[PDB]
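For reference, the structure discussed in these notes is given below.
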Amino acid sequence: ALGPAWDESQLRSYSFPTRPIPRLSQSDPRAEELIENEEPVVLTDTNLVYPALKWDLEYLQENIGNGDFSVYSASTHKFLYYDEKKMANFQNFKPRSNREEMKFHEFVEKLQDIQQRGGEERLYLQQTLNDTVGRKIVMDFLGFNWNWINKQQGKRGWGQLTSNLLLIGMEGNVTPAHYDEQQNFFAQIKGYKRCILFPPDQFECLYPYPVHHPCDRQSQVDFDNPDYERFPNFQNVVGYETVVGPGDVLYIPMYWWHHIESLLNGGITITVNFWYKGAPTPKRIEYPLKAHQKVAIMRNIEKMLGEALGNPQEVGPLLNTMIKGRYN
Amino acid sequence: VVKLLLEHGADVXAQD
Ligand SMILES: O=C(O)CNC(=O)C(=O)O
Ligand SMILES: [Zn+2]
């Protein structure tokens, strides 16, 4: 009877309607049906990261090792990421978030400081779990529900687990809408994150940056102020929404757009995700294609032209030449 | 050809 975990006033306000992602037992056939069919579902009882539910900044500082952690800094609540390698071919791009490597205890002191000095700055720890972690964390990791998630990997024909990303964010932190090219079981550990997903068939409404841009895979649309002149179909976007707290696992299917925010005035959030490579392309192709297969096609066309033209800055002009007065 | 165009990368989060 502990009261409302959170309320609507902690959710940011946006221009589009949503329906709820279903929350189900891991033993419920409907939940298996959704995962099999690459639709989101929040599972409430996997115990996937049960051992980590005691994690907080003190336990982690004490136990997580002397390794380096990538900490992103932002002057705003939106943490747009950028691929550093791609900066070259978009000279007119300055980042809105710096990355800094620091020891875990330096990160905790950073938060303390900002908090104590009423600072505006925001931080977001995002670090792959690795060898360097302490004995207690290794034991917690080994206590994850591998039986369950390994079975899911076998049943969906997925490829290997590529990594586990540890995410520690400040209240109000936003990861803007983007899609990932792997399957993701998103395991909430501390605090609450609002997750807004969009299916791959809404590619037309979300206007991803060019593949060769540093922000490849993110939406160009500012959710806090959509430019309907440039992005008219953003007026047609409909999301699938949920709030995940400790113990919840959100299946975020490959290619599904997701916008993710830590609840306003909700304290720090901790999440560990589980990224798996997708099943291989099927022997025989079934027509017409699924949406994510079309996204795959479009990405490859952009890649190939960048290569063939010898310069990604020519992909736009060639593509426009191809369609104006011909296919539009 | 179709398989060529249907192959996907494995990029996630920050860079890849
Ligand atoms: O949790 C976040 O803020 C961002 N995480 C992701 O986009 C992911 O797990 O794929
Ligand atoms: Zn993501």
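Each chain in the structure tokens gets a letter, A, B and so on, in the order shown; residues start at 1 in every chain, and ligands are counted from 1 in the order they appear.
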Which residues of chain B are close to chain A, meaning at most 6 Å apart when you count only C-alpha atoms, and how do they look as an mmCIF file with N, CA, C and O atoms, in the first residue's frame?
data_model
loop_
_atom_site.group_PDB
_atom_site.id
_atom_site.type_symbol
_atom_site.label_atom_id
_atom_site.label_comp_id
_atom_site.auth_asym_id
_atom_site.auth_seq_id
_atom_site.Cartn_x
_atom_site.Cartn_y
_atom_site.Cartn_z
ATOM 1 N N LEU B 5 20.626 -6.293 -50.390
ATOM 2 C CA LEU B 5 19.892 -5.111 -49.921
ATOM 3 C C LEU B 5 19.144 -5.360 -48.595
ATOM 4 O O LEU B 5 18.824 -4.417 -47.875
ATOM 5 N N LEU B 6 18.883 -6.624 -48.264
ATOM 6 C CA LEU B 6 18.183 -6.939 -47.016
ATOM 7 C C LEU B 6 19.116 -7.106 -45.825
ATOM 8 O O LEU B 6 18.660 -7.084 -44.688
ATOM 9 N N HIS B 8 21.378 -6.264 -42.764
ATOM 10 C CA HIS B 8 21.389 -5.129 -41.849
ATOM 11 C C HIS B 8 22.705 -5.056 -41.101
ATOM 12 O O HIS B 8 23.433 -6.044 -40.992
ATOM 13 N N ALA B 10 24.555 -3.768 -37.293
ATOM 14 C CA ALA B 10 24.267 -4.052 -35.886
ATOM 15 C C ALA B 10 24.494 -2.820 -35.002
ATOM 16 O O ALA B 10 24.849 -2.956 -33.838
ATOM 17 N N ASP B 11 24.289 -1.628 -35.558
ATOM 18 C CA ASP B 11 24.518 -0.384 -34.824
ATOM 19 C C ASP B 11 23.469 -0.108 -33.717
ATOM 20 O O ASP B 11 22.247 -0.169 -33.945
ATOM 21 N N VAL B 12 23.975 0.229 -32.531
ATOM 22 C CA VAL B 12 23.155 0.504 -31.362
ATOM 23 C C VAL B 12 23.669 1.750 -30.643
ATOM 24 O O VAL B 12 24.847 2.076 -30.747
ATOM 25 N N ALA B 14 25.109 4.937 -28.951
ATOM 26 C CA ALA B 14 26.073 5.974 -29.308
ATOM 27 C C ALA B 14 26.614 5.858 -30.741
ATOM 28 O O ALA B 14 26.148 6.569 -31.635
ATOM 29 N N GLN B 15 27.592 4.978 -30.963
ATOM 30 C CA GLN B 15 28.232 4.871 -32.280
ATOM 31 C C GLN B 15 27.672 3.691 -33.072
ATOM 32 O O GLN B 15 26.934 3.871 -34.046
#
Checklist entry - Could you pull the residues within 12 Å of residue 302 of chain A, counting only C-alpha atoms, minus those fewer than 3 positions along the same chain, as a PyMOL selection string? => result (chain A and resi 209-213+216+295-299+305-309+311-319) or (chain B and resi 5)
Checklist entry - What do you get as a ChimeraX atom specification if you pick all residues at most 10 Å from ligand 1, counting only C-alpha atoms and all ligand atoms? => result /A:79,124-126,164-169,173-188,193-195,250-254,256-262,269-275 /B:12-14
